[PDB]
Each structure stands twice: as structure tokens, then as C-alpha cells.
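Chemist: This one's experimental. Sequence and coordinates below.
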Amino acid sequence: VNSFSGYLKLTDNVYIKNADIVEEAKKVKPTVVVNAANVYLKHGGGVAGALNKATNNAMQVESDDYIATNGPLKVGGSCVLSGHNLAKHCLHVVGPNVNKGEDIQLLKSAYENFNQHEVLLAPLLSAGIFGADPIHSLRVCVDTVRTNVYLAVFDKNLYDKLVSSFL
């Protein structure tokens, strides 16, 4: 038993809710919240900009130190940093950005990072301003992640479309 509430169960291990991931993280304080990161951990917009704003920019300060030490992530890769006031940990995962021409096949590699964590609160990778089809992202999630994932979908219209079209 965990504290996630109001989710629709899609499979044995994947759950989905129309929710603001920031507000959901603040209330659950999950062990892991996933950020929709880029390779530079520049949290300007989308989910990343919203999560970082909710940390009063502490996520960005920590991220800049991480990059200065380690260099950029790989597309499809991840790193574990602090969850600040939102979660114990933040798993920064880089899905491919279609608006940069990155290979969508890397989306599966991106979701594989979730398997290193027993339970996660997450957005759909490569959705929103990353330009991929969210229906496809959900399919890859279900077919790749084996650990327990609670997906927060901000847009109500998209949430309904994702549920109604789910096979």
C-alpha cells in the first residue's frame, strides 16, 4: 500500500491521473519524482521549468553544479539528484526532443531508467514541449517500465484521450 490517490489503473504496474505533477509531488512526497530533463539540466519550461520553480530554483542550482562536474547527460540517460521540497529524490530523465530531431527510438531507453526505482511519480516522457505523440509515449511506458509508475498528466483533455484510446 502506498499513498497515491485517485489514479486509474492501466496495467499491473502503471497508473494514471489528471494532475499537476508539482501539486501531486507536494502532497505525496514520493521517494522519486521524475523530471522531463534535457541533457544540460536547464530547467526552463514544461515539466522541468515547473518543478524547478516549485523548488525556488534550488533544483537549477544543484543541477548546474552537477553539470559543471560531470558534463551533459546522454539523450535516453538519467541522473539522480535531490527531490528538494517535492520528493526524496528527483530522477532527471532525458527523453528525445522531436523539436531537436532526436531519434524517437531513444524513448524506450529513457523509460528503462525507471526500472531502477521501485515506485515513481512521473510525467509522460517526450510529451508536451518535447514534441512526441503522448499516446506513443504511454505505450512505450507500459511496454518498458516494470516497476510501479504513477503518471501525472496535466492536461485534462489529453488525459481523457489517453485513457479512452488505451489498448
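Modeler: On my side now, so go ahead. Numbers count the residues shown, from 1 in each chain.
Chemist: all strands for this protein, in order.
Modeler: 8-9, 14-18, 32-36, 78-82, 89-93, 119-122, 148-153 (DSSP state E).
Chemist: for the last one, packing partners?
Modeler: Contacts of strand 148-153 with other secondary structure elements, assessed using 3 or more C-beta pairs under 8 Å, 6 or more residues apart in numbering; DSSP states H and E, are made with strand 14-18, helix 21-28, strand 119-122, helix 134-144. All C-beta spots, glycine's among them, are computed from the backbone N, C-alpha and C.
Chemist: Let's have those in CSV, adding mean neighbour count.
Modeler: Listed next are the helices and strands packed on strand 148-153 as CSV, based on neighbours: other C-beta atoms under 10 Å:
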stretch, mean neighbour count
strand 14-18, 20
helix 21-28, 18
strand 119-122, 22
helix 134-144, 19
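Chemist: what's the closest of these to residue 157?
Modeler: Closest to residue 157 of the helices and strands packed on strand 148-153 is strand 14-18 (C-beta to C-beta; 9.3 Å).
Chemist: if we can go back for a sec, out of the strands of the chain, which one sits most buried?
Modeler: strand 32-36 (a mean of 28; mean count of other C-beta atoms under 10 Å).
Chemist: mind putting the strands of the chain in JSON lines, distance to residue 139 included?
Modeler: Output for the strands of the chain, formatted as JSON lines (distance: least, C-beta to C-beta, whole Å):
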{"stretch": "strand 8-9", "distance to residue 139": "16"}
{"stretch": "strand 14-18", "distance to residue 139": "11"}
{"stretch": "strand 32-36", "distance to residue 139": "17"}
{"stretch": "strand 78-82", "distance to residue 139": "20"}
{"stretch": "strand 89-93", "distance to residue 139": "17"}
{"stretch": "strand 119-122", "distance to residue 139": "15"}
{"stretch": "strand 148-153", "distance to residue 139": "12"}
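Chemist: quick revisit: which stretch among the helices and strands packed on strand 148-153 comes nearest residue 95?
Modeler: Of all the helices and strands packed on strand 148-153, helix 134-144 comes closest under C-beta to C-beta, at 7.7 Å.
Chemist: got a list of contacts for the closest one?
Modeler: By C-beta atoms under 8 Å, 6 or more residues apart in numbering, the surrounding residues in contact with helix 134-144 are 10-11, 14, 16, 95, 104, 107-108, 111-112, 114-115, 124-128, 149, 151, 153, 158, 161-162, 165-167.
Chemist: Please consider this matter closed, and thank you.
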